[PDB]
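A single chain comes next, written as structure tokens; it is the form deposited in one PDB entry.
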């Protein structure tokens, strides 16, 4: 209203429209809280690469749309998913985000190895962890917390110029608590860098064994069964291991519901031995530094990257598939 006509029609004439440039009808590969994700081909075929198109849930510039666009417009790192283009569709007020398509992800990769029971190759496990840490270190250095790290959010590029490169993404969701740090489960009010590190520790365990380390049945921040699973694996923390546990809002609920003597024979050492990871391995000693119960005693992403595990034979590779043939099936349509 009251908008100059020449200005308006010029912009309309020049404005690239998502439906003109890309073929995506019937190609939905993702449905979630944040939007719909399509595997797309360019119509003007100067290109045979696959593209991902995300139609953001809702219309207009929601807090969600604004956050994703503002952050992704600035972030540039090889291990963080890269926004290529934003399309603003005036007819319906819909927002579309364009990305280079990442064929694979750790949810599907882990499921493949869990079903074939072939464990994940140890070179691949290390290369995946190194690139996850590299991407999160970059995010953390820029005070961007992920807040929902899990295998489904660790993308891996398929055949093409970025073959085997990890891309950290945020796909959204109803919910599991298997990657949630114990302080969140005890009512911690704020997301932190340490919370991301715990989740990475969980992913690392799962890469080593093919099983989610803190797998739990379906159930306020307090989640009894998830905590019970953590204690069954890790043992119940001693006062000296986590001195500020008493300051957690649900600490008295924890004391009411749990008794340390229930978990006397429980330790990460014992759990990982059952899955044939040796407790004297550099792998195990790194894992244990990530899966530390007290968040102030977890190592940082940078420190993790400097771990002697990454200097031990075999070295991490840029292509996590190590140039070898990719057995994992392409992502299926929903």
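Rigid core here is just the name for the largest C-alpha set that superposes within 1.5 Å across the two forms. Numbering follows the first chain given and starts at 1.
- In the comparison with other entries of the same protein, residue 219 is left without coordinates in at least one third of those covering both sides of it.
- For residue 81, the record comparison shows coordinates present in all the other entries of this protein that model its neighbours, with no third of them leaving it out.
- Unmodelled residues of the deposited sequence between residue 219 and residue 220: 4 to 9.
- According to the entry, the deposited sequence has 10 or more residues without coordinates between residue 173 and residue 174.
- Two stretches are in play, 164-172 and 195-203, and the higher mean C-alpha B-factor belongs to 164-172.
- 322-330 and 308-316 differ in mean CA B-factor, and the higher of the two is recorded for 322-330.
- The residue among 146, 93, 150, 77 whose C-alpha atom has the highest B-factor in the PDB entry is 93.
- Per the PDB record, 115 has a higher Cα B-factor than any other of 230, 139, 115, 156.
- The PDB entry assigns residue 38 a C-alpha temperature factor belonging to the middle third of its chain's modelled residues.
- Sort the modelled residues of the chain by CA B factor and residue 281 lands in the middle third.
- Annotation for residue 264: CA B-factor lies in the highest third of the chain's modelled residues.
- Split the chain's modelled residues into thirds by C-alpha temperature factor. Residue 29 is in the highest one.
- For residue 86, the recorded CA temperature factor ranks within the middle third of the chain's modelled residues.
The same protein has a further form, the form deposited in another entry, not shown here; the description that follows concerns it.
- Here the rigid core is superposed between the shown form and the other one, and of 73, 246, 93, 260 the C-alpha of 93 is the only one to shift by 2 Å or more.
- Once the cores line up, the CA of residue 13 ends up 2 angstroms or more apart between the shown form and the other one.
- Once you line up the core between the shown form and the other one, the Cα of residue 296 stays within less than 2 Å of where it was.
- Residue 62 is among the residues whose C-alpha shifts by 2 Å or more between the shown form and the other one once the rigid core is aligned.
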